[PDB]
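**Q** What follows is run_16.cif, mmCIF, C-alpha atoms and all ligand atoms.
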data_my_file
#
loop_
_atom_site.label_atom_id
_atom_site.label_comp_id
_atom_site.auth_asym_id
_atom_site.auth_seq_id
_atom_site.Cartn_x
_atom_site.Cartn_y
_atom_site.Cartn_z
CA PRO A 5 4.14 1.58 18.01
CA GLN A 6 3.69 5.07 16.61
CA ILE A 7 4.99 5.28 13.03
CA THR A 8 5.95 8.41 11.26
CA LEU A 9 5.59 8.57 7.60
CA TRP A 10 8.67 10.62 6.90
CA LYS A 11 10.10 7.40 5.43
CA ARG A 12 8.52 4.20 4.11
CA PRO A 13 6.93 2.33 7.09
CA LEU A 14 8.91 -0.87 6.80
CA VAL A 15 8.85 -3.57 9.44
CA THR A 16 10.26 -7.07 9.88
CA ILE A 17 7.83 -9.91 9.47
CA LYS A 18 8.15 -13.63 10.04
CA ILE A 19 6.29 -15.83 7.59
CA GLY A 20 6.78 -19.44 6.60
CA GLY A 21 9.70 -19.61 9.13
CA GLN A 22 11.57 -16.77 7.22
CA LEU A 23 12.24 -13.12 8.11
CA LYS A 24 11.39 -10.50 5.49
CA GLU A 25 11.00 -6.76 5.31
CA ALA A 26 7.50 -5.49 4.47
CA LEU A 27 5.65 -2.23 3.99
CA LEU A 28 2.72 -1.31 6.22
CA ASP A 29 0.27 -0.29 3.49
CA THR A 30 -3.11 1.25 4.31
CA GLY A 31 -3.80 1.64 0.56
CA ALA A 32 -3.65 -2.12 -0.07
CA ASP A 33 -6.64 -4.38 0.43
CA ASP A 34 -4.44 -7.48 0.44
CA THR A 35 -1.12 -8.76 1.83
CA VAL A 36 1.23 -9.62 -1.02
CA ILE A 37 4.63 -11.32 -0.52
CA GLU A 38 7.39 -11.97 -3.10
CA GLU A 39 7.80 -15.52 -4.34
CA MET A 40 8.22 -18.06 -1.57
CA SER A 41 6.74 -21.44 -0.74
CA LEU A 42 3.95 -21.69 1.87
CA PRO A 43 2.27 -24.85 3.19
CA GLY A 44 -1.24 -26.02 2.30
CA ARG A 45 -3.61 -25.42 -0.57
CA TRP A 46 -3.71 -22.34 -2.77
CA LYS A 47 -5.76 -21.02 -5.67
CA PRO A 48 -4.85 -18.53 -8.40
CA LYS A 49 -5.93 -14.92 -8.16
CA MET A 50 -5.51 -11.72 -10.20
CA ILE A 51 -4.83 -8.52 -8.28
CA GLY A 52 -4.40 -5.02 -9.59
CA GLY A 53 -2.76 -1.79 -8.69
CA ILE A 54 -1.37 1.25 -10.35
CA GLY A 55 0.16 -0.39 -13.90
CA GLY A 56 -2.34 -3.22 -14.04
CA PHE A 57 -2.73 -6.75 -12.74
CA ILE A 58 -0.43 -9.55 -11.66
CA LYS A 59 -1.28 -13.22 -11.09
CA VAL A 60 -0.65 -14.51 -7.55
CA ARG A 61 -1.25 -17.64 -5.46
CA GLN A 62 -3.79 -17.23 -2.63
CA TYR A 63 -3.01 -19.08 0.59
CA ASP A 64 -5.60 -18.93 3.38
CA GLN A 65 -5.17 -19.14 7.16
CA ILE A 66 -1.45 -18.33 7.16
CA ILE A 67 0.09 -17.24 10.46
CA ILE A 68 2.36 -14.23 10.34
CA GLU A 69 4.30 -12.24 12.87
CA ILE A 70 4.39 -8.50 12.05
CA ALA A 71 6.77 -6.31 14.08
CA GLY A 72 6.38 -9.04 16.74
CA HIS A 73 2.55 -9.23 16.67
CA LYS A 74 0.96 -12.58 15.66
CA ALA A 75 -1.91 -12.65 13.19
CA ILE A 76 -3.58 -14.98 10.80
CA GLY A 77 -5.12 -14.31 7.43
CA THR A 78 -4.87 -14.73 3.68
CA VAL A 79 -1.49 -14.16 2.09
CA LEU A 80 -1.01 -13.71 -1.66
CA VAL A 81 2.32 -14.76 -3.13
CA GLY A 82 3.62 -13.51 -6.41
CA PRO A 83 5.84 -11.14 -8.39
CA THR A 84 5.42 -8.01 -6.30
CA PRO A 85 8.63 -5.85 -6.11
CA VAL A 86 7.94 -5.01 -2.47
CA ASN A 87 6.35 -7.14 0.34
CA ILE A 88 3.22 -5.35 1.46
CA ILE A 89 1.08 -5.84 4.57
CA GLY A 90 -2.42 -4.78 3.55
CA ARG A 91 -5.53 -4.01 5.52
CA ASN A 92 -6.58 -7.68 5.90
CA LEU A 93 -3.62 -8.06 8.35
CA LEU A 94 -3.10 -4.46 9.50
CA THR A 95 -6.44 -4.73 11.29
CA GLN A 96 -5.22 -7.80 13.17
CA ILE A 97 -2.29 -5.93 14.74
CA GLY A 98 -4.56 -3.02 15.71
CA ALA A 99 -3.07 -0.50 13.25
CA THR A 100 -4.94 2.78 12.95
CA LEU A 101 -4.52 5.92 10.88
CA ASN A 102 -4.79 9.11 12.90
CA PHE A 103 -4.83 12.79 11.83
CA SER B 1 -15.71 0.55 10.86
CA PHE B 2 -14.56 3.78 12.68
CA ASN B 3 -15.16 7.18 11.26
CA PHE B 4 -14.26 9.10 8.23
CA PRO B 5 -14.65 6.23 6.35
CA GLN B 6 -12.25 4.77 8.86
CA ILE B 7 -9.45 4.69 11.40
CA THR B 8 -9.18 0.94 12.20
CA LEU B 9 -8.77 -0.04 8.48
CA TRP B 10 -11.75 -2.46 8.31
CA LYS B 11 -12.84 -0.45 5.21
CA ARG B 12 -10.71 1.46 2.70
CA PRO B 13 -9.50 4.77 4.25
CA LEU B 14 -11.25 6.97 1.72
CA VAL B 15 -11.66 10.66 2.23
CA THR B 16 -12.85 13.66 0.22
CA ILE B 17 -10.22 15.93 -1.21
CA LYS B 18 -10.62 19.27 -2.95
CA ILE B 19 -8.20 20.22 -5.71
CA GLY B 20 -8.73 22.86 -8.39
CA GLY B 21 -12.11 23.65 -6.75
CA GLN B 22 -13.41 20.14 -7.33
CA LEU B 23 -14.20 17.42 -4.85
CA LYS B 24 -12.81 13.93 -5.41
CA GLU B 25 -12.57 10.75 -3.39
CA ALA B 26 -9.06 9.56 -2.52
CA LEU B 27 -7.35 6.85 -0.55
CA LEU B 28 -5.03 7.58 2.36
CA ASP B 29 -2.06 5.40 1.51
CA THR B 30 0.91 4.84 3.77
CA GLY B 31 2.39 2.49 1.12
CA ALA B 32 2.57 5.22 -1.53
CA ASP B 33 5.56 7.52 -1.71
CA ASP B 34 3.66 10.00 -3.91
CA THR B 35 0.19 11.40 -4.41
CA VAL B 36 -1.43 10.37 -7.70
CA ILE B 37 -4.71 11.79 -9.08
CA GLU B 38 -6.76 10.99 -12.15
CA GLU B 39 -6.57 13.22 -15.21
CA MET B 40 -7.50 16.78 -14.50
CA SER B 41 -6.30 20.24 -15.35
CA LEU B 42 -3.85 21.93 -12.94
CA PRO B 43 -2.04 25.26 -13.29
CA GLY B 44 1.60 25.88 -13.96
CA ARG B 45 4.37 23.85 -15.52
CA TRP B 46 4.71 20.09 -15.21
CA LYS B 47 7.35 17.50 -15.77
CA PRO B 48 6.89 13.91 -16.85
CA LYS B 49 7.74 10.93 -14.73
CA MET B 50 7.31 7.22 -14.63
CA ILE B 51 6.03 5.74 -11.39
CA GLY B 52 5.82 2.07 -10.51
CA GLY B 53 3.20 0.12 -8.76
CA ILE B 54 2.25 -3.48 -8.35
CA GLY B 55 1.62 -4.48 -12.30
CA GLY B 56 4.17 -2.07 -13.72
CA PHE B 57 4.82 1.53 -14.52
CA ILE B 58 2.63 4.39 -15.74
CA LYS B 59 3.62 7.82 -17.02
CA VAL B 60 2.32 10.77 -15.07
CA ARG B 61 2.58 14.55 -15.04
CA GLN B 62 4.29 16.07 -11.98
CA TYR B 63 2.90 19.42 -10.77
CA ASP B 64 4.63 21.05 -7.81
CA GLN B 65 3.26 23.32 -5.08
CA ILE B 66 -0.40 22.52 -5.76
CA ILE B 67 -2.98 23.53 -3.15
CA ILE B 68 -5.03 20.52 -2.04
CA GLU B 69 -7.41 20.03 0.90
CA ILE B 70 -7.52 16.48 2.33
CA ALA B 71 -10.38 15.66 4.73
CA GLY B 72 -10.47 19.34 5.69
CA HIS B 73 -6.67 19.65 6.15
CA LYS B 74 -4.78 22.04 3.91
CA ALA B 75 -1.67 20.89 2.08
CA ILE B 76 0.45 22.49 -0.65
CA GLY B 77 2.74 20.07 -2.47
CA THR B 78 3.48 17.80 -5.40
CA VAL B 79 0.62 16.08 -7.25
CA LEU B 80 1.13 13.52 -9.98
CA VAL B 81 -1.60 13.34 -12.61
CA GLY B 82 -2.20 10.25 -14.76
CA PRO B 83 -4.18 7.09 -15.37
CA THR B 84 -4.36 5.77 -11.85
CA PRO B 85 -7.39 3.55 -11.09
CA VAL B 86 -7.86 5.26 -7.66
CA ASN B 87 -6.81 8.72 -6.39
CA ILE B 88 -3.97 8.14 -3.94
CA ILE B 89 -2.79 10.44 -1.12
CA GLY B 90 0.79 9.34 -0.44
CA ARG B 91 3.28 10.10 2.26
CA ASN B 92 4.40 13.40 0.73
CA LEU B 93 1.01 14.86 1.69
CA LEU B 94 0.17 12.56 4.62
CA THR B 95 3.08 14.15 6.45
CA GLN B 96 1.80 17.67 5.70
CA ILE B 97 -1.58 16.90 7.31
CA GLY B 98 0.10 15.27 10.28
CA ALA B 99 -1.13 11.70 9.66
CA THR B 100 0.47 8.88 11.64
CA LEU B 101 0.19 5.15 11.70
CA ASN B 102 -0.21 3.76 15.20
CA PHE B 103 -0.02 0.17 16.50
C1 LIG C 201 0.64 4.96 -6.03
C2 LIG C 201 2.14 4.76 -6.29
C3 LIG C 201 2.86 6.08 -6.02
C4 LIG C 201 2.48 4.26 -7.69
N1 LIG C 201 2.63 3.72 -5.36
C5 LIG C 201 2.23 2.47 -5.33
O1 LIG C 201 1.35 1.99 -6.05
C6 LIG C 201 2.96 1.57 -4.31
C7 LIG C 201 3.92 0.71 -5.11
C8 LIG C 201 4.72 -0.21 -4.16
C9 LIG C 201 5.63 -1.11 -5.00
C10 LIG C 201 4.82 -2.23 -5.69
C11 LIG C 201 4.12 -3.07 -4.62
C12 LIG C 201 3.17 -2.19 -3.80
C13 LIG C 201 3.85 -0.98 -3.18
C14 LIG C 201 2.80 -0.05 -2.55
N2 LIG C 201 2.06 0.73 -3.53
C15 LIG C 201 1.02 1.50 -2.86
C16 LIG C 201 -0.20 0.61 -2.60
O2 LIG C 201 -0.91 1.08 -1.44
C17 LIG C 201 -1.14 0.50 -3.80
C18 LIG C 201 -1.91 1.82 -3.99
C19 LIG C 201 -3.06 1.66 -5.00
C20 LIG C 201 -4.34 1.58 -4.51
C21 LIG C 201 -5.39 1.44 -5.41
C22 LIG C 201 -5.16 1.33 -6.78
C23 LIG C 201 -3.86 1.46 -7.25
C24 LIG C 201 -2.79 1.61 -6.36
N3 LIG C 201 -2.08 -0.61 -3.55
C25 LIG C 201 -2.10 -1.70 -4.28
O3 LIG C 201 -1.26 -1.91 -5.17
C26 LIG C 201 -3.21 -2.68 -3.94
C27 LIG C 201 -2.72 -4.11 -4.20
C28 LIG C 201 -3.74 -5.08 -3.59
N4 LIG C 201 -4.41 -5.82 -4.42
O4 LIG C 201 -3.89 -5.12 -2.37
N5 LIG C 201 -4.40 -2.41 -4.76
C29 LIG C 201 -5.60 -2.33 -4.13
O5 LIG C 201 -5.80 -2.51 -2.94
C30 LIG C 201 -6.68 -1.90 -5.13
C31 LIG C 201 -7.91 -1.43 -4.71
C32 LIG C 201 -8.83 -1.00 -5.68
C33 LIG C 201 -8.54 -1.15 -7.03
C34 LIG C 201 -9.42 -0.74 -8.02
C35 LIG C 201 -9.11 -0.93 -9.35
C36 LIG C 201 -7.87 -1.44 -9.71
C37 LIG C 201 -6.94 -1.77 -8.73
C38 LIG C 201 -7.29 -1.65 -7.39
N6 LIG C 201 -6.42 -2.02 -6.45
CL CL C 202 -7.66 -12.30 5.52
CL CL C 203 5.26 17.35 -1.79
NA NA C 204 -4.25 -22.70 3.94
#
How does this structure look as structure tokens?
Ligand SMILES: CC(C)(C)NC(=O)[C@@H]1C[C@@H]2CCCC[C@@H]2CN1C[C@@H](O)[C@H](Cc1ccccc1)NC(=O)[C@H](CC(N)=O)NC(=O)c1ccc2ccccc2n1
Ligand SMILES: [Cl-]
Ligand SMILES: [Cl-]
Ligand code: NA
**A**
Amino acid sequence: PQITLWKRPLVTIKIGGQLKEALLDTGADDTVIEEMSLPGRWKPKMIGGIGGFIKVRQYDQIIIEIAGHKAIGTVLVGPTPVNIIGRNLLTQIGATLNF
Amino acid sequence: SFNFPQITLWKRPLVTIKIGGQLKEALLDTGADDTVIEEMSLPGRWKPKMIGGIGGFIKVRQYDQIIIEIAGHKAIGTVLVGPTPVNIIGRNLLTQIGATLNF
């Protein structure tokens, strides 16, 4: 529960009944997962980053387990090359940046 | 929430940096391998490189051993310069300033 940043801060998450690897990403506003199905309603969204924008599906009130911590929040699903846990869920597991 | 900007990540972890004598705002970014800054002049030689983010790849200029102050902490390391929408401090420099992620 202290993470060095000598390497990418990857953790195991559980989402939609599936285990995935994801990056703990303080530079991301949003949580973005590679294509998968999630239950309930969704709406389209455009999100941007270094290269431009991608279109994703926004699912609200999704439960996720991050390095064994349960949280709930919005999850975006779409063609990201890496699963990223952004600040909307990092706050829910109590993550902090310290220096 | 808690202070800089902030620790608990309820707001973007933005800080002031100083590079080539100029102050800029930048984001502390554990998800970024590299540090990427908007167009500016830096000394010395550079080499080109393509870096990828969420949307695709951009071309940037790699400058090595650049002096940069990050929220008052001195670092000397590699800076990539190019059309990034936000100035990014990545793990190459977060480790120099002793940043850690805790949960
Ligand atoms: C900076 C660089 C070295 C290229 N690294 C990266 O970009 C890696 C690439 C990885 C593979 C692709 C999937 C994401 C990961 C993590 N990212 C870091 C990652 O932290 C990246 C850094 C960043 C921040 C702001 C603007 C641009 C880029 N964040 C993001 O990609 C998130 C995605 C999101 N919507 O949550 N972007 C934002 O949170 C965000 C915020 C403000 C913005 C203003 C204008 C335009 C775009 C903006 N995007
Ligand atoms: Cl949320
Ligand atoms: Cl470096
Ligand atoms: Na929902």
**Q** Would you pick out the contacts of range 42-53 of chain A at 8 Å or less, using all atoms listed in the file, so that residues sharing its chain but fewer than 6 positions from it are not included, and give the list as a ChimeraX atom specification?
**A** /A:20,59-64 /B:53-55,85
**Q** Quick one: of B:90, B:44, B:20, B:98, who's nearest to chain A, counting only C-alpha atoms?
**A**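 That would be B:98, the residue with the smallest distance to chain A.
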**Q** Do me a favour and pick out the residues of chain A within 9 Å of chain B, using only C-alpha atoms, as number ranges by chain.
**A** A: 5-13, 27-33, 51-58, 83-86, 88, 91-92, 94-95, 97-103
**Q** Which residues are close to residue 21 in chain B, i.e. within 12 Å by only C-alpha atoms, leaving aside same-chain residues fewer than 5 positions away? Reply as a list in words.
**A**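 Counting only C-alpha atoms, the residues come to residues 40, 41, 42, 66, 67, 68 and 69 of chain B.
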**Q** Please check which protein, DNA or RNA residues sit within 8 Å of ligand CL 203 (chain C), counting only C-alpha atoms and all ligand atoms, and write them as a list in words.
**A**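 The neighbouring residues of ligand CL 203 (chain C) are, in order, residues 34, 64, 65, 76, 77, 78, 79, 92 and 93 of chain B.
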**Q** Please, which residues in chain A fall within 8 Å of ligand CL 202 (chain C) when counting all atoms listed in the file, and what is the closest atom pair and distance in Å to one decimal for each, ordered by chain then residue number, as a tab-separated table?
**A**
residue	atom	partner	partner_atom	distance
A:34	CA	C:CL202	CL	7.7
A:64	CA	C:CL202	CL	7.3
A:65	CA	C:CL202	CL	7.5
A:76	CA	C:CL202	CL	7.2
A:77	CA	C:CL202	CL	3.8
A:78	CA	C:CL202	CL	4.1
A:79	CA	C:CL202	CL	7.3
A:92	CA	C:CL202	CL	4.8
A:93	CA	C:CL202	CL	6.5
**Q** Can you work out the spacing between atom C38 of ligand LIG 201 (chain C) and CA of residue 96 in chain A in Å, to one decimal?
**A**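 Distance between the two atoms: 21.6 Å.
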**Q** Using CA of residue 75 in chain A and CA of residue 16 in chain A as the two end points, give the distance in Å to one decimal.
**A**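 One can read the CA of residue 75 in chain A to CA of residue 16 in chain A distance as 13.8 Å.
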**Q** Suppose you want the space between atom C17 of ligand LIG 201 (chain C) and CA of residue 24 in chain B; what is it in Å?
**A** 17.9 Å
**Q** Please give the centre and size of the box around range 39-48 of chain A (axis-aligned, containing every atom listed in the file, 3 Å added per side), with values in Å to one decimal and written as JSON.
**A**
{"center_x": 1.2, "center_y": -20.8, "center_z": -2.6, "size_x": 20.0, "size_y": 16.5, "size_z": 17.6}
**Q** Could you name the residues that touch residue 82 in chain B at 7 Å or less, counting only C-alpha atoms, but leaving out those on the same chain fewer than 4 positions away, as JSON, numbers by chain?
**A** {"B": [37, 38, 39, 59, 60, 61]}
**Q** Using all atoms listed in the file, pick whichever of A:66, A:90, A:80, A:72 has the shortest atom-to-atom distance to ligand NA 204 (chain C).
**A**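 Under the stated criterion, the closest residue is A:66.
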